[PDB]
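Scope of the values below: all heavy atoms of this structure, side chains included, with no hydrogens, waters or symmetry mates. Protein chains get the first letters and strands the later ones, always in sequence-line order, with residue 1 at the start of each.
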Amino acid sequence: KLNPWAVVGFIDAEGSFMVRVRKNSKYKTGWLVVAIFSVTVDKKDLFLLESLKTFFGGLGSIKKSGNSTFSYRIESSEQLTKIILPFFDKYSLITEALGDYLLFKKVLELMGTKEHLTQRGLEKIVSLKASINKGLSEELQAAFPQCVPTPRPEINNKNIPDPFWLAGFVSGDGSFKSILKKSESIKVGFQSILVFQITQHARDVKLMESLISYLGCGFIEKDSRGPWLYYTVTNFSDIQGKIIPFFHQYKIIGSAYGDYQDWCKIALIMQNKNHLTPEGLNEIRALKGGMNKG
DNA sequence: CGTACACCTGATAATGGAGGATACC
DNA sequence: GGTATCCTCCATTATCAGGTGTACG
Ligand SMILES: [Mg+2]
Ligand SMILES: [Mg+2]
């Protein structure tokens, strides 16, 4: 029982829009063109993959991916055009994932009129694929030297469309951190810190910036090493006053919801000042130990 | 004593594929 | 045949995530 804007928020965090162009001499052009919508998570979130499937009309399938991950995927061109496109055309992505989605859609529209089974459409598809995710492989790059990449979508400053979007997004790219930090001055030897965090690539700077006014707190840290921003809340009265109540009403999805509850329990012990006693520190240690376990 | 932001860093849950088998027309 | 989808498998990595230092009241 997922809400539409939560699903969009989650796919803004974790979805993959893929176009594969595979060599095969049984096709008249020599290539097979396939579009895939894919969501891949640890098995701990297998129940959220099942909800997603049910949400998307029972379509697609859920399969072992890696050692301990499972993917939900839709690989039918037809089913993609019928269910996925009208969903995201109505409830639009707001990160740079939107750019990949829009180029993915164009490929699908070209597959819909069968233009992919022609030389000219295949070339267009290769140009579209060229600006999606990591771009052309060495194989396609060499087989398609003429194909100029299609300009990436310039979509400007997108607002958070609905608070449920933020719930979904934080479900994928948010962290509810409990830290126990050695302290020379705290009477129990340790500081208990709750940190709320959202991690994104720097190109979505405007979005990340808008979280501060949206949530009425936080600040953006930039990783000194690369293009990575961490929207961060460390002020405990903001945690209590703004973050916890937001997510109480707009609930996180997946097993991360259990983690948020645990984190909430730490805050309670902290609101009571019991984190500054050995017993309270130990409760927090137990809650924390329990986090991220399914 | 205690909090809060400034600053640091790495293991791995996702990123984003791959190719062979089977079904459809 | 030609075309479409299903299924199984995975190499590498961009983050999440798990910190520590220190100024300030
Ligand atoms: Mg993400
Ligand atoms: Mg994520």
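Within the 4.0 angstrom heavy-atom criterion, only backbone atoms of the sugar-phosphate kind lie near A/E78; the bases stay farther away. Using a 4.0 Å heavy-atom distance criterion, A/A202 is classed as making no nucleic acid contact. At a threshold of 4.0 angstrom between heavy atoms, the contacts of A/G174 are confined to the sugar-phosphate backbone, with no base atom among them. Among the protein residues, A/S77 comes within range of the sugar-phosphate backbone only, with heavy atoms under 4.0 Å from sugar or phosphate atoms but none that close to a base. Using a 4.0 Å heavy-atom distance criterion, A/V41 is classed as a sugar-phosphate-only contact. A/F236 comes within contact range of the sugar-phosphate backbone alone, with a heavy-atom separation under 4.0 Å but no base atom that close. Among the protein residues, A/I36 comes within range of no part of the nucleic acid, since none of its heavy atoms lies under 4.0 Å from any strand. Within the 4.0 angstrom heavy-atom criterion, base atoms lie near A/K177. Across all strands, A/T40 comes closer than 4.0 Å to base atoms (heavy-atom distances). Counting any heavy atom pair closer than 4.0 Å across all strands shown, A/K181 reaches a base atom. The residue A/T232 sits apart from the nucleic acid: no heavy atom pair falls under 4.0 Å. Within 4.0 Å (heavy atoms only), A/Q191 reaches at least one base atom of the nucleic acid.
C/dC10 atom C1' lies 10 Å from atom CG of A/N67, rounded to whole Å. Atom pair A/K23:NZ and B/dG20:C1' shows a separation of 16 Å (rounding to whole Å applied). If you measure from atom CZ of A/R225 to atom P of C/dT13, you get 15 Å, rounded to the nearest angstrom. With rounding to whole Å, A/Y230 atom OH is found 8 Å from C/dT15 atom P. Between A/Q240 atom CD and B/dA4 atom P there is a gap of 11 Å when expressed in whole angstrom units. Spacing between atom CG of A/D100 and atom P of B/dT15 amounts to 11 Å, rounded to whole angstrom units. One can place CG of A/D223 at 13 Å from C1' of B/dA6, the figure rounded to the nearest angstrom. In this structure, A/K293 atom NZ and C/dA17 atom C1' are separated by 13 Å, rounded to whole Å.
Here B/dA13 has a south sugar; its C1'-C2'-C3'-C4' angle has a minus sign. For C/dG19, the ring torsion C1'-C2'-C3'-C4' comes out positive, which puts the sugar in the north group. Sugar pucker of B/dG20 is south, as judged by a negative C1'-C2'-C3'-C4' dihedral.
Nearest to the side-chain atoms of A/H275 among the listed nucleotides C/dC16, B/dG2, C/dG2 stands B/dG2. Side-chain atoms of A/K26 lie closest to C/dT3 of the nucleotides B/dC5, C/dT3, B/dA13. Listed nucleotides: C/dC16, B/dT3, B/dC5. Nearest to the side chain of A/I193: B/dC5. In the set B/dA14, B/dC8, B/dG17, the nucleotide with an atom closest to the side chain of A/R20 is B/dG17. Considering only side-chain atoms of A/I186, the nucleotide from B/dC5, C/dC16, B/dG2 that sits closest is B/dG2. Ranking B/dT3, B/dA6, B/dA14 by closeness to the A/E221 side chain, first place goes to B/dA6. Distances from the side chain of A/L276 to the nucleotides B/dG2, C/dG21, C/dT5 place B/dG2 closest. You'll find that the side chain of A/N292 is closest to C/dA17, out of B/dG10, C/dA17, B/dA4. When each of C/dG18, B/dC5, C/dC9 is scored by its nearest atom to the side-chain atoms of A/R73, the top-ranked nucleotide is C/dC9.
The base of C/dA4 is paired with the side chain of A/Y27 by a donor and an acceptor separated by under 3.5 Å. No hydrogens or angles were tested; on distance alone, nothing pairs the side chain of A/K288 with the base of C/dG18 as donor and acceptor under 3.5 Å. Taking 3.5 Å as the limit, the base of B/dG17 and the side chain of A/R22 contain no donor-acceptor pair of atoms between them. Put simply, the side chain of A/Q197 and the base of C/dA17 share a donor and an acceptor less than 3.5 Å apart. Judged by atom type and distance alone, A/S185 reaches the base of B/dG2 through a side-chain donor-acceptor pair under 3.5 Å.
Between A/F196 and A/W263, the ring-plane angle classifies as tilted under the 30° and 60° cut-offs. Note: A/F17 and A/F37 have tilted aromatic rings, judged against thresholds of 30 and 60 degrees for the angle between ring planes.
The shortest distance between the side-chain N/O atoms of A/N235 and the OP1/OP2 oxygens of B/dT3 is not below 4.0 Å. Listed pair A/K64 / C/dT8 fails the phosphate criterion, with no side-chain N or O lying under 4.0 Å from OP1 or OP2. Between C/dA14 and A/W228, no contact under 4.0 Å exists linking OP1 or OP2 to a side-chain N or O. The phosphate of B/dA13 has neither OP1 nor OP2 within less than 4.0 Å of any side-chain N or O from A/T69. Note on A/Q79: a side-chain N or O is less than 4.0 Å away from OP1 or OP2 of C/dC6.
Map A/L180 and A/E75 each onto its nearest nucleotide of DNA chain C; the residue landing nearer the 5' end is A/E75. Each of A/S68 and A/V233 was assigned the nucleotide of DNA chain B with the nearest heavy atom; the assignment lying further toward the 5' end belongs to A/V233. Along DNA chain C, the nucleotide nearest A/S76 and the nucleotide nearest A/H201 are compared for position; the residue whose nucleotide lies closer to the 5' end is A/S76.
Applying the side-chain contact (heavy atoms from CB on, under 4.5 Å) test between A/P4 and each of A/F164, A/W165, A/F55 identifies A/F55 as the sole match.
Contact between A/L276 and A/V188 at its shortest, heavy atoms only, is O-CG1, 3.5 Å. Across A/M208 and A/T199, no two heavy atoms sit closer than the pair CE-C, 4.2 Å. Between A/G218 and A/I212, the closest heavy-atom pair is O-CG1, 3.6 Å. Contact between A/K23 and A/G30 at its shortest, heavy atoms only, is CG-O, 3.4 Å.
A/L46 is connected to A/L48 through a chain of hydrophobic side-chain contacts under 4.5 Å among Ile, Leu, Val, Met, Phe, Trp and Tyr, so both are in one cluster.
Expressed to the nearest 0.5 Å, how far CD1 of A/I266 lies from CE of A/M291 amounts to 5.0 Å. Once rounded to the nearest 0.5 Å, the distance linking NZ of A/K181 with CZ of A/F190 reads 11.0 Å. Separation of atoms CG (A/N235) and NZ (A/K242) is listed at 8.0 Å; rounding is to 0.5 Å.
Within residues 110-139 of chain A, the residues that place at least one heavy atom under 4.0 Å from DNA chain C are, in residue-number order, A/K114, A/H116, A/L117, A/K134.
Within a 6.0 Å radius of OH in A/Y91, no more than 12 heavy atoms belonging to other residues, nucleotides or ligands are found.
When the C1' atoms of four end pairs are superposed on the next four at each end of the helix from B/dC1-C/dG25 to B/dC25-C/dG1, using five pairs per end, the two resulting axes differ in direction by 40°, to 10°.
Taking 4.5 Å as the limit, some side-chain heavy atom of A/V8 sits within range of a side-chain heavy atom of A/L93.
No hydrogens or angles considered: a donor-acceptor pair under 3.5 Å links the side chains of A/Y101 and A/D89.
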